[PDB]
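Summary of structural features
The residues making up each chain are set out below.
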Amino acid sequence: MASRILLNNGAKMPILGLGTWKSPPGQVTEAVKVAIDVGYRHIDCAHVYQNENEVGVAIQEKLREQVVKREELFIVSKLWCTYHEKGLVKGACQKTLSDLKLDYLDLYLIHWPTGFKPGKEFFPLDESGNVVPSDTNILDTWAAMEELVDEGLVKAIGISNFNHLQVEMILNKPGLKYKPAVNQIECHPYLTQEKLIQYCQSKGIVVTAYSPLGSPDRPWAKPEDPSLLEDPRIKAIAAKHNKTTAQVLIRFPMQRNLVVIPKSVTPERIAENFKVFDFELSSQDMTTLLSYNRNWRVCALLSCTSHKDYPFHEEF
Ligand SMILES: NC(=O)c1ccc[n+]([C@@H]2O[C@H](COP(=O)([O-])OP(=O)(O)OC[C@H]3O[C@@H](n4cnc5c(N)ncnc54)[C@H](OP(=O)(O)O)[C@@H]3O)[C@@H](O)[C@H]2O)c1
């Protein structure tokens, strides 16, 4: 297990990163400082998480203290759905850069394939509760992403939550200048994603697995829901290897050649989650974990199921 994967822009991306969705702003600065101290070199961020300024304070302190050099960090952020318009993309990227205290991102993703009406609200609603869409299509948003590469604001661009047809749409774009480097998708033993991963990998697109622990802090959790960290079958694999259940759930995507971004704000767990480079799951263990698929999603963007570009009607 090598620590970085080569992307199609020629850059190397650390295969383990720290997630920041739901990390409270008064805890995420310490979380990111601890993560960099214990070896993380990849941080996954987004404007919609409302905590980039505090993530940026941590990054800046570790660069100032010379704990790490900027070239050794791999910082990812995402363009929110209300900024898909051509004339809004650069300013969205620059606001994220200003918050993170950076002069470039290593990777900038389209957060969802669905564009929404621009404005202050992240989920603009009609007087009945549906998301109000944008008419911009995702090929014109991709052209605006390509401009950020050519202006030096980002080293790589990619996509998130795109289905196979939508990835194909970008790959078949007339005049395509840069292929997506990454598709960041939900992936864990209850949503194993075989077909979409195979597709992306065959095209040289690296897949990042989000919610690898099943997001037990997601807002909309219902106790009736499946729980990866408590699944006795996964606890038994961890017990066999003398590791924690979370460590098995992080190692699993790594052995599928995925990048993985577990979130924690707890210092002991941040350190434990990084100690996954010293054991191997067998092929039998990997096949067993894959057999737990149930097509269960943490993140289904339920307010957007009539948007033309909603990604999850599609088999994959
Ligand atoms: N592209 C997208 O649309 C999208 C969507 C969802 C997620 N993401 C990205 O993926 C990251 C990871 O997904 P996620 O935040 O949904 O959930 P996750 O990483 O699956 O799970 C995070 C939860 O697990 C807990 N935890 C972490 N390590 C643990 C351990 N060793 N033992 C027990 N519990 C542990 C955390 O608690 P504490 O924090 O209290 O320690 C937190 O409640 C996000 O933070 C975000 O960066 C992207």
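Residues numbered from 1 in each chain as written, not as in the entry; some residues may be left out. Heavy atoms only, no water. Residues with missing side-chain atoms left out of burial classes, pairs and counts.

1. Comments concerning the overall build of the protein
Condition: Put simply, DSSP H or I for four residues or longer makes a helix, DSSP E for two residues or longer makes a strand, and each gets a number counted from the N terminus. Computation of the radius of gyration draws on C-alpha atoms, with the globule rule given as 2.2 Å multiplied by the number of residues to the power 0.38. In what follows, a contact means two residues having at least one pair of non-hydrogen atoms within 4.5 Å.
Helix and strand counts for the protein come out as ten helices and ten strands. Relative to a compact globule of 316 residues, whose C-alpha radius of gyration would be 20 Å, the protein shows 19 Å and is just as compact. In terms of principal-axis extent, the alpha carbons of the protein reach across some 55 × 45 × 40 Å. By sequence separation, contacts in the protein at least 24 residues apart represent 76% of the contacts at least 6 residues apart.

2. Side note on helix α1 (residues 25–38)
Residues spaced three or four apart along an α-helix point in a common direction, a consequence of the helix completing one turn every 3.6 residues. Selection criterion: Here the expected span of a helix is defined as 1.5 Å times the quantity of residues minus one. For every residue, the accessible area (1.4 Å probe, protein chains only) is compared with the maximum for its type, and the residue is labelled buried under 20%, exposed over 50%, or partly exposed between those bounds.
With 14 residues, α1 should reach 20 Å at 1.5 Å per residue; the first-to-last C-alpha distance of 20 Å fits that figure. Those residues of α1 that fall on the buried side of the exposure criterion are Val-28, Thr-29, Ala-31, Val-32, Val-34, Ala-35 and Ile-36. Buried positions along α1 lie against β3 (18–19), β4 (42–44), α2 (52–64) and α9 (267–274). Downstream of α1 by one or two residues, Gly-39 has phi in the positive range, about 125°.

3. Here we look at helix α7 (residues 232–241)
To be explicit about the condition: Working definition: the arc comes from the directions between the helix axis and the C-beta atoms, pointing outward to the latter.
Among the residues making up α7, those that are buried are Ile-234, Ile-237 and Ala-238. Summarising the axial view, the buried residues of α7 lie within an arc of 100°, below the 170-degree limit, and thus occupy one face. Residues of α7 that are exposed and angled more than 90 degrees away from the buried face: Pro-232, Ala-239 and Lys-240. Immediately downstream of α7, the backbone of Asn-242 shows phi near 60°, a positive value.

4. A few points about unusual backbone geometry
With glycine set apart, most residues show a phi of negative sign, and most peptide bonds adopt trans. Phi at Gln-66 is positive, roughly 65°, even though this residue is not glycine. By relative accessible area, which is 71% here, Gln-66 ends up exposed.

5. A look at the UniProt feature "active site" in the protein
Going by this rule: UniProt positions are given in the numbering used here, feature names are shortened, and annotations may be inferred rather than shown by experiment.
As annotated in UniProt, the feature "active site" corresponds to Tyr-49 in the numbering used here. Excluding residues within four positions of it along the chain, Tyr-49 makes contact with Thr-20, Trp-21, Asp-44, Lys-78 and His-111.

6. What to know about the packing of aromatic side chains
The relative placement of two aromatic rings is captured by the distance of their centres and the angle of their planes. Rules: Under the pairing criterion, centres of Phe, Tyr and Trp rings, with the six-membered ring standing for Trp, must be within 6.5 Å; the plane angle then separates stacked pairs below 30 degrees from edge-to-face pairs above 60, leaving the rest tilted.
Summed over the entire model, instances satisfying the criterion amount to ten aromatic pairs. For the ring pair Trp-112 and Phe-312, a centre distance of 5.9 Å and an interplane angle of 70° mean the geometry is edge-to-face. Remark: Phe-312 occurs in the segment after α10 (283–290) and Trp-112 occurs in the loop between β6 (107–110) and α4 (138–150); sequence separation between them is 200 residues. The pair formed by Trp-112 and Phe-312 is uniform in burial state, with each residue classed as buried. Within the aromatic cluster, the residues linked to one another by ring pairs are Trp-80, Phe-116, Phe-122 and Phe-123.

7. Structural notes on the site of the ligand
Stated formally: Proximity criterion: a residue is near a molecule or strand once any of its heavy atoms comes within 4 Å of it. Polar contact criterion, stated in full: a pair of N or O atoms within 3.5 Å, where within protein one must be able to donate a hydrogen and the other to accept it, and residues adjacent in sequence count only if both atoms are side-chain atoms. The protein chains shown are the only cover counted for residues, whose accessible areas, like all others here, come from Shrake-Rupley with a 1.4 Å probe.
Neighbouring the ligand are 31 residues, the closest being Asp-44, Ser-215, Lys-263, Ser-264 and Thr-266. Between the ligand and the protein, one listed contact pairs an oxygen atom with a backbone N or O atom of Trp-21 at 2.9 Å. In the model, an oxygen atom of the ligand is placed 2.8 Å from a nitrogen or oxygen of the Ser-211 side chain. Protein contacts shield 91% of the accessible area of the ligand, which totals 920 Å² for the unbound molecule.

8. A word on the sheet that holds strand β9 (residues 206–210)
Rules: By definition, two strands form a pair when at least two bridges between them are found by DSSP. Note on method: axes are straight lines fitted to C-alpha atoms, helices fitted across the in-contact stretch only, with angles between N-to-C directions ranging 0 to 180 degrees.
Strand order across the open sheet formed by eight strands is β3-β4-β5-β6-β7-β8-β9-β10, with parallel pairing between neighbours. Single-partner strands in this sheet number two, and they are β3 and β10 (259–260). Relative to β6, strand β5 (residues 74–79) runs parallel, the two being bridged by four bridges. For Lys-78, the partnering residue across the bridge sits in β6 and is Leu-109. Its contacts with the sheet place helix α3 (residues 86–100) against β5 and β6, and it is angled at close to 140° to β5. The strands touched by helix α6 (residues 194–202) within the sheet are β8 (182–186) and β9, with β8 carrying the most contacts at an inclination of about 170°.

9. Examining the side chain of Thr-192
In this fold, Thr-192 is placed in the loop between β8 and α6. For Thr-192, the side chain forms a polar contact with the side chain of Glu-194, separated by 2.6 Å.

10. A look at the packing of α1 against α2
Rule in force here: Should the near helix be turned counterclockwise from the far one by less than a right angle, the crossing is left-handed, whereas a clockwise turn marks it as right-handed. Classification convention: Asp, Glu, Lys, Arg as charged; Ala, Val, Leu, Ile, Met, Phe, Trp, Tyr, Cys, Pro as nonpolar; all other residues, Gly among them, as polar.
Put simply, α1 and α2 touch, their axes get as near as 8 Å, and they point 35° apart. Helix-helix and strand crossings are classified by hand; for α1 and α2 the assignment is right-handed. Where α1 abuts α2, its residues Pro-25, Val-28, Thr-29, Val-32, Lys-33, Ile-36 and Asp-37 lie against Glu-54, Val-55, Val-57, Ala-58, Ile-59, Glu-61 and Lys-62. In terms of residue class, the contact of α1 with α2 is made up of eight nonpolar, one polar and five charged.

11. Observations concerning the pattern of salt bridges
Between side chains of opposite charge, a pair can form when the charged atoms approach closely. Operational definition: Throughout this description, the term salt bridge denotes a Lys or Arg side-chain nitrogen within 4 Å of a carboxyl oxygen of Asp or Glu.
Taken as a whole and assessed by the stated rule, the structure comprises 16 salt bridges. Residue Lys-62 pairs with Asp-37 through a salt bridge whose shortest N-O separation is 2.8 Å. Here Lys-62 is found in helix α2, whereas its partner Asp-37 is found in helix α1, with 25 residues between them in sequence. Residue classification places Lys-62 among the buried positions, given a relative accessible area of 7%. The class for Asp-37 is partly exposed, based on a relative accessible area of 48%. Between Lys-62 and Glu-65 there is a salt bridge whose closest N-O contact spans 3.2 Å. Classification of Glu-65 by relative accessible area gives partly exposed; the value is 39%. The network of salt bridges with shared partners includes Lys-22, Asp-217 and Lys-263.

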